[PDB]
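Trainee: This is input_8.pdb (PDB, C-alpha atoms).
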ATOM      1  CA  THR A1120     122.268 -20.093  93.481
ATOM      2  CA  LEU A1121     120.595 -22.338  90.885
ATOM      3  CA  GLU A1122     119.961 -19.507  88.427
ATOM      4  CA  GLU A1123     123.495 -18.211  88.765
ATOM      5  CA  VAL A1124     124.698 -21.661  87.653
ATOM      6  CA  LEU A1125     122.186 -22.087  84.843
ATOM      7  CA  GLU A1126     122.950 -18.680  83.316
ATOM      8  CA  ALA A1127     126.749 -18.890  83.542
ATOM      9  CA  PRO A1128     128.227 -20.035  80.208
ATOM     10  CA  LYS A1129     127.746 -23.803  79.839
ATOM     11  CA  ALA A1130     130.229 -26.449  78.562
ATOM     12  CA  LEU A1131     130.104 -29.826  76.776
ATOM     13  CA  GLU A1132     130.723 -32.999  78.769
ATOM     14  CA  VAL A1133     130.943 -36.558  77.444
ATOM     15  CA  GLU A1134     130.941 -39.566  79.779
ATOM     16  CA  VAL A1135     133.090 -42.315  78.222
ATOM     17  CA  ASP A1136     133.488 -45.788  79.746
ATOM     18  CA  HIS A1137     136.757 -47.530  80.623
ATOM     19  CA  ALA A1138     136.438 -49.765  77.607
ATOM     20  CA  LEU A1139     138.694 -47.987  75.076
ATOM     21  CA  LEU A1140     142.167 -49.158  73.908
ATOM     22  CA  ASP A1141     144.993 -46.614  73.524
ATOM     23  CA  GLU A1142     146.996 -47.976  70.528
ATOM     24  CA  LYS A1143     144.190 -47.861  67.889
ATOM     25  CA  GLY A1144     145.074 -45.227  68.850
ATOM     26  CA  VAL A1145     142.086 -43.457  70.425
ATOM     27  CA  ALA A1146     142.147 -41.197  67.350
ATOM     28  CA  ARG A1147     138.431 -41.822  66.886
ATOM     29  CA  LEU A1148     137.497 -39.514  69.786
ATOM     30  CA  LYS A1149     139.943 -36.892  68.518
ATOM     31  CA  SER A1150     138.700 -37.068  64.921
ATOM     32  CA  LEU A1151     135.041 -36.497  65.838
ATOM     33  CA  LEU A1152     135.871 -33.530  68.092
ATOM     34  CA  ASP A1153     137.846 -31.795  65.308
ATOM     35  CA  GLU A1154     134.964 -31.073  62.914
ATOM     36  CA  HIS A1155     132.926 -28.800  65.224
ATOM     37  CA  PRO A1156     134.951 -25.773  66.406
ATOM     38  CA  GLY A1157     133.505 -22.997  68.591
ATOM     39  CA  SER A1158     134.022 -22.004  72.253
ATOM     40  CA  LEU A1159     132.907 -24.736  74.711
ATOM     41  CA  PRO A1160     135.325 -26.537  77.022
ATOM     42  CA  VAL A1161     135.015 -30.330  76.644
ATOM     43  CA  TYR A1162     134.923 -32.442  79.851
ATOM     44  CA  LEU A1163     135.453 -36.216  80.078
ATOM     45  CA  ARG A1164     134.098 -38.482  82.813
ATOM     46  CA  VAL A1165     136.145 -41.691  82.775
ATOM     47  CA  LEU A1166     134.599 -44.296  85.096
ATOM     48  CA  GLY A1167     137.836 -46.126  85.829
ATOM     49  CA  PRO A1168     138.455 -49.269  87.874
ATOM     50  CA  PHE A1169     138.585 -47.252  91.114
ATOM     51  CA  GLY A1170     137.444 -43.608  91.401
ATOM     52  CA  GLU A1171     135.493 -41.295  89.101
ATOM     53  CA  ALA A1172     138.065 -39.281  87.163
ATOM     54  CA  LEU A1173     137.644 -35.725  85.856
ATOM     55  CA  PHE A1174     139.304 -34.759  82.600
ATOM     56  CA  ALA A1175     138.935 -31.365  80.928
ATOM     57  CA  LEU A1176     140.148 -31.645  77.333
ATOM     58  CA  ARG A1177     142.908 -29.707  75.537
ATOM     59  CA  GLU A1178     142.605 -27.372  72.545
ATOM     60  CA  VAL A1179     139.253 -28.361  71.010
ATOM     61  CA  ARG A1180     136.367 -26.037  71.793
ATOM     62  CA  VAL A1181     132.915 -27.204  70.664
ATOM     63  CA  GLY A1182     130.302 -24.948  69.000
ATOM     64  CA  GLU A1183     127.125 -26.222  70.627
ATOM     65  CA  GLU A1184     126.065 -28.349  67.617
ATOM     66  CA  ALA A1185     128.367 -31.290  68.472
ATOM     67  CA  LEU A1186     126.143 -32.292  71.474
ATOM     68  CA  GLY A1187     123.273 -33.788  69.469
ATOM     69  CA  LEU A1188     125.509 -35.077  66.656
ATOM     70  CA  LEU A1189     127.661 -36.949  69.212
ATOM     71  CA  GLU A1190     124.662 -38.544  70.997
ATOM     72  CA  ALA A1191     123.977 -40.205  67.611
ATOM     73  CA  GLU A1192     126.911 -42.475  68.461
ATOM     74  CA  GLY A1193     127.312 -44.614  71.612
ATOM     75  CA  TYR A1194     128.276 -41.681  73.869
ATOM     76  CA  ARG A1195     126.237 -39.824  76.467
ATOM     77  CA  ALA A1196     126.900 -36.066  76.177
ATOM     78  CA  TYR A1197     125.577 -33.231  78.343
ATOM     79  CA  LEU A1198     125.375 -29.427  78.334
ATOM     80  CA  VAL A1199     126.744 -28.997  81.888
ATOM     81  CA  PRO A1200     127.709 -25.676  83.523
ATOM     82  CA  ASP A1201     131.360 -24.708  82.989
ATOM     83  CA  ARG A1202     133.354 -25.226  86.200
ATOM     84  CA  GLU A1203     136.075 -22.673  85.337
ATOM     85  CA  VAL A1204     133.590 -19.754  85.207
ATOM     86  CA  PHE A1205     132.597 -19.887  88.867
ATOM     87  CA  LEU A1206     134.285 -16.754  90.270
ATOM     88  CA  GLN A1207     134.166 -12.904  90.109
ATOM     89  CA  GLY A1208     131.162 -10.591  90.583
ATOM     90  CA  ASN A1209     130.735  -8.947  87.164
ATOM     91  CA  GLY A1210     129.877  -9.576  83.506
ATOM     92  CA  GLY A1211     126.739 -11.592  84.339
ATOM     93  CA  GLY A1212     126.327 -10.432  86.986
ATOM     94  CA  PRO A1213     125.038 -11.597  90.427
ATOM     95  CA  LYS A1214     122.223  -9.025  90.165
ATOM     96  CA  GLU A1215     121.291 -10.323  86.686
ATOM     97  CA  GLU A1216     121.396 -13.945  87.937
ATOM     98  CA  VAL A1217     118.656 -13.124  90.496
ATOM     99  CA  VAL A1218     116.380 -11.758  87.673
ATOM    100  CA  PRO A1219     115.429 -15.200  86.148
ATOM    101  CA  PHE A1220     114.488 -16.654  89.560
TER     102      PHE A1220
ATOM    103  CA  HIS B 367      89.185 -46.030  92.325
ATOM    104  CA  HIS B 368      92.960 -45.596  92.490
ATOM    105  CA  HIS B 369      92.769 -43.014  89.722
ATOM    106  CA  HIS B 370      89.914 -41.261  91.571
ATOM    107  CA  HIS B 371      92.269 -40.859  94.502
ATOM    108  CA  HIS B 372      95.227 -39.499  92.525
ATOM    109  CA  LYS B 373      92.815 -36.611  92.004
ATOM    110  CA  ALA B 374      94.942 -33.426  92.124
ATOM    111  CA  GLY B 375      92.058 -30.949  92.031
ATOM    112  CA  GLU B 376      91.157 -30.232  88.406
ATOM    113  CA  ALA B 377      93.655 -32.921  87.294
ATOM    114  CA  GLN B 378      91.153 -35.804  87.305
ATOM    115  CA  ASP B 379      88.309 -33.631  85.945
ATOM    116  CA  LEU B 380      90.271 -33.801  82.681
ATOM    117  CA  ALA B 381      91.540 -37.357  83.341
ATOM    118  CA  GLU B 382      87.965 -38.695  83.297
ATOM    119  CA  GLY B 383      87.562 -36.853  79.988
ATOM    120  CA  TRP B 384      90.807 -38.187  78.325
ATOM    121  CA  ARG B 385      90.683 -42.053  78.500
ATOM    122  CA  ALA B 386      86.931 -41.994  78.152
ATOM    123  CA  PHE B 387      84.451 -44.603  76.856
ATOM    124  CA  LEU B 388      81.511 -42.196  77.355
ATOM    125  CA  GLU B 389      78.627 -40.928  75.146
ATOM    126  CA  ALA B 390      79.133 -37.215  74.339
ATOM    127  CA  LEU B 391      79.355 -35.991  77.952
ATOM    128  CA  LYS B 392      77.262 -39.148  78.672
ATOM    129  CA  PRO B 393      73.509 -38.840  79.429
ATOM    130  CA  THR B 394      72.713 -38.853  83.187
ATOM    131  CA  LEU B 395      76.496 -38.995  83.886
ATOM    132  CA  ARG B 396      78.875 -37.951  85.582
ATOM    133  CA  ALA B 397      82.499 -38.972  84.913
ATOM    134  CA  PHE B 398      83.818 -41.438  85.752
ATOM    135  CA  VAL B 399      81.621 -44.207  84.381
ATOM    136  CA  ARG B 400      84.450 -46.497  85.572
ATOM    137  CA  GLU B 401      83.293 -45.846  89.149
ATOM    138  CA  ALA B 402      80.005 -47.677  88.496
ATOM    139  CA  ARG B 403      81.616 -50.530  86.458
ATOM    140  CA  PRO B 404      83.554 -52.025  89.452
ATOM    141  CA  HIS B 405      80.468 -51.488  91.612
ATOM    142  CA  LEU B 406      78.588 -53.542  89.038
ATOM    143  CA  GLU B 407      81.361 -56.157  88.949
ATOM    144  CA  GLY B 408      82.186 -56.086  92.662
ATOM    145  CA  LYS B 409      85.898 -56.886  92.810
ATOM    146  CA  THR B 410      87.710 -59.212  92.648
ATOM    147  CA  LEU B 411      85.550 -61.664  90.604
ATOM    148  CA  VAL B 412      83.226 -62.421  92.449
ATOM    149  CA  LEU B 413      80.260 -64.628  91.347
ATOM    150  CA  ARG B 414      78.007 -63.267  94.200
ATOM    151  CA  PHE B 415      78.680 -59.739  92.907
ATOM    152  CA  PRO B 416      78.570 -59.342  89.066
ATOM    153  CA  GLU B 417      75.376 -61.431  88.999
ATOM    154  CA  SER B 418      73.663 -58.946  91.386
ATOM    155  CA  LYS B 419      73.465 -56.061  88.856
ATOM    156  CA  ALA B 420      72.843 -58.252  85.774
ATOM    157  CA  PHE B 421      70.135 -60.104  87.733
ATOM    158  CA  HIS B 422      68.345 -56.836  88.588
ATOM    159  CA  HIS B 423      68.123 -55.927  84.908
ATOM    160  CA  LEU B 433      84.627 -55.874  84.309
ATOM    161  CA  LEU B 434      85.001 -54.465  80.783
ATOM    162  CA  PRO B 435      82.667 -56.923  78.954
ATOM    163  CA  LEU B 436      80.012 -56.382  81.686
ATOM    164  CA  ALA B 437      80.622 -52.628  81.112
ATOM    165  CA  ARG B 438      80.371 -53.116  77.317
ATOM    166  CA  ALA B 439      77.164 -55.140  77.901
ATOM    167  CA  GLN B 440      75.099 -52.063  78.931
ATOM    168  CA  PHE B 441      75.885 -49.364  77.532
ATOM    169  CA  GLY B 442      76.184 -45.724  76.379
ATOM    170  CA  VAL B 443      78.749 -46.429  73.645
ATOM    171  CA  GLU B 444      78.088 -44.497  70.388
ATOM    172  CA  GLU B 445      79.865 -41.072  70.570
ATOM    173  CA  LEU B 446      83.567 -42.012  70.221
ATOM    174  CA  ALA B 447      85.577 -38.982  71.470
ATOM    175  CA  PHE B 448      89.160 -38.837  72.893
ATOM    176  CA  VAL B 449      91.549 -41.867  72.975
ATOM    177  CA  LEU B 450      94.671 -41.517  75.154
ATOM    178  CA  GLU B 451      96.427 -41.025  77.691
ATOM    179  CA  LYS B 452      98.100 -38.267  75.566
ATOM    180  CA  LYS B 453      96.013 -37.491  72.411
ATOM    181  CA  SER B 454      94.661 -34.062  73.149
ATOM    182  CA  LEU B 455      91.665 -31.862  73.665
ATOM    183  CA  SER B 456      93.516 -30.579  75.509
ATOM    184  CA  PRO B 490     109.864  -9.488  74.403
ATOM    185  CA  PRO B 491     111.067 -13.001  73.398
ATOM    186  CA  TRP B 492     108.114 -15.363  74.197
ATOM    187  CA  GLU B 493     107.052 -18.417  72.179
ATOM    188  CA  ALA B 494     106.978 -16.859  69.644
ATOM    189  CA  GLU B 495     106.363 -15.454  66.992
ATOM    190  CA  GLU B 496     103.222 -15.377  66.796
ATOM    191  CA  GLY B 497     102.446 -18.848  68.217
ATOM    192  CA  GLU B 498     100.628 -22.033  67.165
ATOM    193  CA  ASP B 499     101.632 -24.763  68.276
ATOM    194  CA  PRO B 500     103.720 -26.568  66.848
ATOM    195  CA  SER B 501     106.451 -24.209  68.040
ATOM    196  CA  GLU B 502     107.951 -21.751  65.563
ATOM    197  CA  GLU B 503     111.169 -20.612  67.303
ATOM    198  CA  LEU B 504     112.410 -22.954  70.061
ATOM    199  CA  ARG B 505     112.010 -26.508  71.240
ATOM    200  CA  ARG B 506     111.198 -29.239  71.261
ATOM    201  CA  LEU B 507     111.662 -32.847  70.445
ATOM    202  CA  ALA B 508     108.345 -33.008  72.215
ATOM    203  CA  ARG B 509     106.858 -33.629  74.719
ATOM    204  CA  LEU B 510     107.809 -29.983  74.526
ATOM    205  CA  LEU B 511     105.150 -29.305  71.922
ATOM    206  CA  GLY B 512     102.528 -29.916  74.650
ATOM    207  CA  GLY B 513     103.971 -27.144  76.851
ATOM    208  CA  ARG B 514     103.250 -24.454  74.216
ATOM    209  CA  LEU B 515      99.517 -25.374  73.924
ATOM    210  CA  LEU B 516      98.716 -24.983  77.633
ATOM    211  CA  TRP B 517     100.695 -21.725  77.588
ATOM    212  CA  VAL B 518      98.846 -18.986  75.708
ATOM    213  CA  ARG B 519      98.740 -16.224  76.966
ATOM    214  CA  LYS B 520     100.438 -13.666  77.324
ATOM    215  CA  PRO B 521     102.800 -12.769  80.226
ATOM    216  CA  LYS B 522     106.362 -14.285  79.919
ATOM    217  CA  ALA B 523     108.440 -15.742  82.792
ATOM    218  CA  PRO B 524     107.086 -16.768  85.193
ATOM    219  CA  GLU B 525     108.037 -19.314  86.207
ATOM    220  CA  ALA B 526     105.015 -21.068  87.712
ATOM    221  CA  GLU B 527     104.969 -24.471  89.530
ATOM    222  CA  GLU B 528     107.700 -23.224  89.547
ATOM    223  CA  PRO B 529     111.303 -23.540  88.532
ATOM    224  CA  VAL B 530     112.767 -22.478  86.150
ATOM    225  CA  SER B 531     114.054 -22.979  82.558
ATOM    226  CA  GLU B 532     111.432 -21.436  80.212
ATOM    227  CA  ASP B 533     113.141 -18.038  80.405
ATOM    228  CA  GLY B 534     116.604 -19.544  79.830
ATOM    229  CA  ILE B 535     115.622 -21.628  76.803
ATOM    230  CA  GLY B 536     113.939 -18.449  75.475
ATOM    231  CA  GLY B 537     116.926 -16.132  75.946
ATOM    232  CA  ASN B 538     119.251 -18.876  74.650
ATOM    233  CA  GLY B 539     117.048 -19.146  71.549
ATOM    234  CA  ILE B 540     117.327 -15.399  70.952
ATOM    235  CA  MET B 541     121.137 -15.536  71.281
ATOM    236  CA  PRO B 542     121.749 -17.121  67.913
ATOM    237  CA  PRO B 543     120.887 -14.587  65.202
TER     238      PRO B 543
ATOM    239  CA  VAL C 510     123.762 -70.830  55.305
ATOM    240  CA  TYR C 511     124.927 -73.064  58.215
ATOM    241  CA  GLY C 512     124.220 -71.276  61.552
ATOM    242  CA  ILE C 513     127.316 -69.452  62.778
ATOM    243  CA  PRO C 514     127.216 -66.377  65.047
ATOM    244  CA  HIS C 515     123.711 -65.015  64.809
ATOM    245  CA  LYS C 516     124.526 -62.916  67.852
ATOM    246  CA  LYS C 517     123.933 -59.415  66.446
ATOM    247  CA  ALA C 518     122.033 -60.893  63.477
ATOM    248  CA  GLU C 519     119.174 -62.262  65.602
ATOM    249  CA  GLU C 520     118.942 -58.836  67.290
ATOM    250  CA  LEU C 521     118.833 -57.188  63.850
ATOM    251  CA  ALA C 522     116.427 -59.851  62.614
ATOM    252  CA  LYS C 523     114.024 -59.337  65.555
ATOM    253  CA  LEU C 524     113.682 -55.615  64.740
ATOM    254  CA  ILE C 525     111.681 -56.544  61.600
ATOM    255  CA  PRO C 526     107.901 -56.508  62.252
ATOM    256  CA  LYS C 533     107.590 -57.142  56.618
ATOM    257  CA  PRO C 534     109.889 -56.041  53.753
ATOM    258  CA  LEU C 535     112.948 -53.842  54.500
ATOM    259  CA  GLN C 536     111.361 -51.159  52.244
ATOM    260  CA  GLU C 537     109.139 -50.058  55.164
ATOM    261  CA  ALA C 538     111.278 -51.452  58.033
ATOM    262  CA  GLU C 544     110.525 -48.036  61.556
ATOM    263  CA  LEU C 545     113.581 -48.761  63.783
ATOM    264  CA  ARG C 546     116.168 -47.506  61.243
ATOM    265  CA  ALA C 547     118.066 -45.538  63.941
ATOM    266  CA  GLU C 548     120.198 -48.728  64.284
ATOM    267  CA  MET C 549     121.577 -47.966  60.787
ATOM    268  CA  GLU C 550     123.190 -44.619  61.774
ATOM    269  CA  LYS C 551     125.158 -46.182  64.652
ATOM    270  CA  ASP C 552     127.717 -48.409  62.882
ATOM    271  CA  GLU C 553     129.120 -48.141  59.337
ATOM    272  CA  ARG C 554     129.343 -51.936  58.851
ATOM    273  CA  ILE C 555     125.570 -52.550  59.196
ATOM    274  CA  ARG C 556     124.673 -49.908  56.572
ATOM    275  CA  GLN C 557     125.764 -52.262  53.773
ATOM    276  CA  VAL C 558     124.275 -55.382  55.357
ATOM    277  CA  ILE C 559     120.765 -53.895  55.273
ATOM    278  CA  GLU C 560     121.195 -52.089  51.908
ATOM    279  CA  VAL C 561     122.499 -55.272  50.299
ATOM    280  CA  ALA C 562     119.820 -57.365  52.067
ATOM    281  CA  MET C 563     116.973 -55.231  50.710
ATOM    282  CA  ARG C 564     118.586 -55.441  47.273
ATOM    283  CA  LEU C 565     118.514 -59.254  47.584
ATOM    284  CA  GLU C 566     115.046 -59.349  49.136
ATOM    285  CA  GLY C 567     112.475 -60.290  46.466
ATOM    286  CA  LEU C 568     114.906 -62.412  44.451
ATOM    287  CA  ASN C 569     114.427 -66.127  44.037
ATOM    288  CA  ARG C 570     115.412 -68.045  46.162
ATOM    289  CA  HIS C 571     114.838 -71.033  44.049
ATOM    290  CA  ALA C 572     112.222 -73.772  43.995
ATOM    291  CA  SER C 573     109.917 -75.632  43.180
ATOM    292  CA  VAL C 574     106.525 -77.289  43.193
ATOM    293  CA  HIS C 575     102.993 -76.779  44.309
ATOM    294  CA  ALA C 576     101.363 -79.031  46.840
ATOM    295  CA  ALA C 577      97.957 -79.127  45.081
ATOM    296  CA  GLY C 578      98.755 -77.535  41.714
ATOM    297  CA  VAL C 579      97.639 -79.576  38.721
ATOM    298  CA  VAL C 580      97.022 -78.411  35.142
ATOM    299  CA  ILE C 581      94.891 -80.129  32.484
ATOM    300  CA  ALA C 582      95.326 -78.476  29.094
ATOM    301  CA  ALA C 583      93.201 -79.208  25.997
ATOM    302  CA  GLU C 584      96.090 -79.064  23.521
ATOM    303  CA  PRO C 585      99.624 -80.165  24.479
ATOM    304  CA  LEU C 586     101.151 -78.149  27.327
ATOM    305  CA  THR C 587     104.477 -77.785  25.402
ATOM    306  CA  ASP C 588     102.702 -75.633  22.786
ATOM    307  CA  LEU C 589     101.796 -72.877  25.297
ATOM    308  CA  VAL C 590     103.532 -73.558  28.644
ATOM    309  CA  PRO C 591     107.141 -74.681  29.199
ATOM    310  CA  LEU C 592     107.946 -77.629  31.494
ATOM    311  CA  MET C 593     110.366 -78.971  34.173
ATOM    312  CA  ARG C 594     110.912 -82.137  36.165
ATOM    313  CA  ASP C 595     111.519 -82.049  39.892
ATOM    314  CA  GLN C 596     113.738 -84.257  42.082
ATOM    315  CA  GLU C 597     111.036 -86.867  42.735
ATOM    316  CA  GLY C 598     110.132 -87.087  39.026
ATOM    317  CA  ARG C 599     107.058 -84.903  38.630
ATOM    318  CA  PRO C 600     106.401 -82.880  35.414
ATOM    319  CA  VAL C 601     106.330 -79.321  36.803
ATOM    320  CA  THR C 602     105.070 -76.181  35.053
ATOM    321  CA  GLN C 603     107.558 -73.295  34.739
ATOM    322  CA  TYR C 604     104.805 -70.683  35.191
ATOM    323  CA  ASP C 605     103.155 -70.085  38.597
ATOM    324  CA  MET C 606      99.511 -70.143  39.789
ATOM    325  CA  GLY C 607      98.633 -66.726  38.359
ATOM    326  CA  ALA C 608     100.467 -67.068  35.092
ATOM    327  CA  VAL C 609      98.888 -70.480  34.315
ATOM    328  CA  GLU C 610      95.353 -69.184  34.979
TER     329      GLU C 610
END
Now, as a test, write the supplied structure out as structure tokens.

Mentor:
Amino acid sequence: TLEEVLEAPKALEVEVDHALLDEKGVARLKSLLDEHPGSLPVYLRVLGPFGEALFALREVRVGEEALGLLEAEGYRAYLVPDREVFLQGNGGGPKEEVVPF
Amino acid sequence: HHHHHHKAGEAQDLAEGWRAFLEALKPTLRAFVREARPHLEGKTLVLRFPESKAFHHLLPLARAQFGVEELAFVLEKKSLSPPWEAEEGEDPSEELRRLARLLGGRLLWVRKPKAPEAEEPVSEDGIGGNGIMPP
Amino acid sequence: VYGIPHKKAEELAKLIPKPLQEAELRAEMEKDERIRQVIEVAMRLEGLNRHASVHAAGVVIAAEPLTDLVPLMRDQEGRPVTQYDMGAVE
């Protein structure tokens, strides 16, 4: 349910456009993700020429400060629910996710 | 009268108060005074309509009366008008939020039950618990 | 100084209401690193002359010779111009 999603640990998601060359080489995105370590999986929505792609990042885990400081630049970040979390029936749990509703 | 329709119960009882042009509750009135003004004018123009009331005796015809003096309210926004807020509580907020509008949500709030949510769903508990999670 | 691309310049120019000392849309400065210096240099070159010149109606009639108390110039069209301005002459 909605409250089960909203409580489950959230993750950072940036939505970058197609317009970005590879042989600069795209180190700008990698440099700005380095400075803010933590524990949030970074997702990338690349609106390509045909089909909306889904790209979870690599090693970098954000610390929930890099959302606002990234929106300062020409990127549209979000604090979306983490996809990988959706499973199991403990830790939260499903009882505790009914409490906020 | 389009505003007078939008009327969501007690919604417009404050709306008439907030963008005003009244006279300290306004003698012999009423709220709105902007109900009478278009009756005086008689929309759209219309020559055989705004004369009627002036002959017996929109905005300029309304300013031509009128119970002006007072000067209260302005917008359209202005005002007047375990975890919780908190700390304490003003507003401005002293724990969470806001990059307001959010400010405004803490002033209608007090007091003093938590949750709920009301109206209803559903993020005032989450933002609260999330704000407690960073000690 | 000639009229070349005023593409982003006209956009930056239209943000001004006034001097750059007050000018409130400064959020444009944090975006790019190039335009930080453009503004900062511009406001450093703001009040500077900028040259000139003569006054449409300005005429002085001194009792003793002007050259004793006020220094002089001569413009392009051959007018004896005062080096001080309105306020300084008065």

Trainee: For the structure provided, state which residues fall under the ChimeraX specification (/C :<8) & /A, and present them as a VMD selection string.

Mentor: chain A and resid 1191 to 1193

Trainee: Could you spell out the hits of the PyMOL selection byres ((chain B and resi 368) around 12) on the shown file, as a list in words?

Mentor: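 Checked against the file, the PyMOL selection byres ((chain B and resi 368) around 12) matches residues 367, 369, 370, 371, 372, 373, 378, 400, 401 and 404 of chain B.
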
Trainee: Find the distance between atom CA of residue 490 of chain B and atom CA of residue 1219 of chain A and write it in Å to one decimal.

Mentor: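 Interatomic distance here is 14.2 Å.
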
Trainee: Could you pull out every residue with an atom within 8 Å of (92.4, -74.9, 34.2), file coordinates, counting only C-alpha atoms, and send them as a VMD selection string?

Mentor: chain C and resid 580 to 582 609 to 610

Trainee: Which residues of chain B are close to chain A, meaning at most 12 Å apart when you count all atoms listed in the file, and how do they look as a PDB file with C-alpha atoms, keeping the file's coordinate frame?

Mentor:
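selection25.pdb, written as the output of this step:
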ATOM      1  CA  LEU B 507     111.662 -32.847  70.445  1.00  0.00           C
ATOM      2  CA  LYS B 522     106.362 -14.285  79.919  1.00  0.00           C
ATOM      3  CA  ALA B 523     108.440 -15.742  82.792  1.00  0.00           C
ATOM      4  CA  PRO B 524     107.086 -16.768  85.193  1.00  0.00           C
ATOM      5  CA  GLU B 525     108.037 -19.314  86.207  1.00  0.00           C
ATOM      6  CA  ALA B 526     105.015 -21.068  87.712  1.00  0.00           C
ATOM      7  CA  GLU B 528     107.700 -23.224  89.547  1.00  0.00           C
ATOM      8  CA  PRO B 529     111.303 -23.540  88.532  1.00  0.00           C
ATOM      9  CA  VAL B 530     112.767 -22.478  86.150  1.00  0.00           C
ATOM     10  CA  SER B 531     114.054 -22.979  82.558  1.00  0.00           C
ATOM     11  CA  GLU B 532     111.432 -21.436  80.212  1.00  0.00           C
ATOM     12  CA  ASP B 533     113.141 -18.038  80.405  1.00  0.00           C
ATOM     13  CA  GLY B 534     116.604 -19.544  79.830  1.00  0.00           C
ATOM     14  CA  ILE B 535     115.622 -21.628  76.803  1.00  0.00           C
ATOM     15  CA  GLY B 536     113.939 -18.449  75.475  1.00  0.00           C
ATOM     16  CA  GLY B 537     116.926 -16.132  75.946  1.00  0.00           C
ATOM     17  CA  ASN B 538     119.251 -18.876  74.650  1.00  0.00           C
ATOM     18  CA  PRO B 542     121.749 -17.121  67.913  1.00  0.00           C
TER      19      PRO B 542
END

Trainee: Output the residue selection produced by the PyMOL selection byres ((chain A and resi 1181) around 6) on the file above, formatted as a ChimeraX atom specification.

Mentor: /A:1155-1159,1180,1182-1183

Trainee: Can you list, as a ChimeraX atom specification, every protein, DNA or RNA residue that comes within 12 Å of residue 1213 of chain A when you count all atoms listed in the file, leaving out same-chain residues fewer than 2 positions away?

Mentor: /A:1120-1124,1126-1127,1205-1211,1215-1220

Trainee: Could you write out as lines of an AutoDock Vina configuration file the box around segment 500-519 of chain B (axis-aligned, all atoms listed in the file, 6 Å on each side), with centre and edge lengths in Å to one decimal?

Mentor:
center_x = 105.6
center_y = -24.9
center_z = 71.6
size_x = 25.7
size_y = 29.4
size_z = 24.1

Trainee: Applying 10 Å and all atoms listed in the file, which residues near residue 1152 of chain A remain after dropping the ones on its own chain fewer than 6 positions away? List them as an MDAnalysis selection string.

Mentor: chainID A and resid 1146 1161 1179:1181 1185 1189

Trainee: Looking at C:535, C:573, C:545, C:590, which one is nearest to residue 560 of chain C, with distances taken over all atoms listed in the file?

Mentor: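 Comparing C:535, C:573, C:545, C:590 against residue 560 of chain C, the winner is C:535.
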
Trainee: Near residue 516 of chain B, counting all atoms listed in the file, which residues have an atom at most 10 Å away, once you skip same-chain residues fewer than 3 positions from it, shown as a ChimeraX atom specification?

Mentor: /B:456,499,511-513,519

Trainee: Near residue 397 of chain B, counting all atoms listed in the file, which residues have an atom at most 8 Å away, once you skip same-chain residues fewer than 2 positions from it, shown as a ChimeraX atom specification?

Mentor: /B:379,382-383,395,399-400

Trainee: Suppose we keep C-alpha atoms; can you now write the selection as an mmCIF file, in the frame of the given file?

Mentor:
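Wrote part33.cif, looks like this:
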data_model
loop_
_atom_site.group_PDB
_atom_site.id
_atom_site.type_symbol
_atom_site.label_atom_id
_atom_site.label_comp_id
_atom_site.auth_asym_id
_atom_site.auth_seq_id
_atom_site.Cartn_x
_atom_site.Cartn_y
_atom_site.Cartn_z
ATOM 1 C CA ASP B 379 88.309 -33.631 85.945
ATOM 2 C CA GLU B 382 87.965 -38.695 83.297
ATOM 3 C CA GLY B 383 87.562 -36.853 79.988
ATOM 4 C CA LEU B 395 76.496 -38.995 83.886
ATOM 5 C CA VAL B 399 81.621 -44.207 84.381
ATOM 6 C CA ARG B 400 84.450 -46.497 85.572
#

Trainee: Mind giving me the straight-line distance from atom CA of residue 1184 of chain A to atom CA of residue 1149 of chain A in Å, one decimal?

Mentor: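 Between atom CA of residue 1184 of chain A and atom CA of residue 1149 of chain A the gap is 16.3 Å.
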
Trainee: For residue 1133 of chain A, please output as an mmCIF file with C-alpha atoms, in the coordinates of the input all residues within 12 Å (counting only C-alpha atoms; exclusion window: fewer than 4 positions along the same chain).

Mentor:
data_model
loop_
_atom_site.group_PDB
_atom_site.id
_atom_site.type_symbol
_atom_site.label_atom_id
_atom_site.label_comp_id
_atom_site.auth_asym_id
_atom_site.auth_seq_id
_atom_site.Cartn_x
_atom_site.Cartn_y
_atom_site.Cartn_z
ATOM 1 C CA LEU A 1148 137.497 -39.514 69.786
ATOM 2 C CA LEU A 1152 135.871 -33.530 68.092
ATOM 3 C CA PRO A 1160 135.325 -26.537 77.022
ATOM 4 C CA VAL A 1161 135.015 -30.330 76.644
ATOM 5 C CA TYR A 1162 134.923 -32.442 79.851
ATOM 6 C CA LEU A 1163 135.453 -36.216 80.078
ATOM 7 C CA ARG A 1164 134.098 -38.482 82.813
ATOM 8 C CA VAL A 1165 136.145 -41.691 82.775
ATOM 9 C CA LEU A 1166 134.599 -44.296 85.096
ATOM 10 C CA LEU A 1173 137.644 -35.725 85.856
ATOM 11 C CA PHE A 1174 139.304 -34.759 82.600
ATOM 12 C CA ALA A 1175 138.935 -31.365 80.928
ATOM 13 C CA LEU A 1176 140.148 -31.645 77.333
ATOM 14 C CA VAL A 1181 132.915 -27.204 70.664
ATOM 15 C CA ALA A 1185 128.367 -31.290 68.472
ATOM 16 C CA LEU A 1186 126.143 -32.292 71.474
ATOM 17 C CA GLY A 1187 123.273 -33.788 69.469
ATOM 18 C CA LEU A 1189 127.661 -36.949 69.212
ATOM 19 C CA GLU A 1190 124.662 -38.544 70.997
ATOM 20 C CA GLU A 1192 126.911 -42.475 68.461
ATOM 21 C CA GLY A 1193 127.312 -44.614 71.612
ATOM 22 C CA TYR A 1194 128.276 -41.681 73.869
ATOM 23 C CA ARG A 1195 126.237 -39.824 76.467
ATOM 24 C CA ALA A 1196 126.900 -36.066 76.177
ATOM 25 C CA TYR A 1197 125.577 -33.231 78.343
ATOM 26 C CA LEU A 1198 125.375 -29.427 78.334
ATOM 27 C CA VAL A 1199 126.744 -28.997 81.888
#
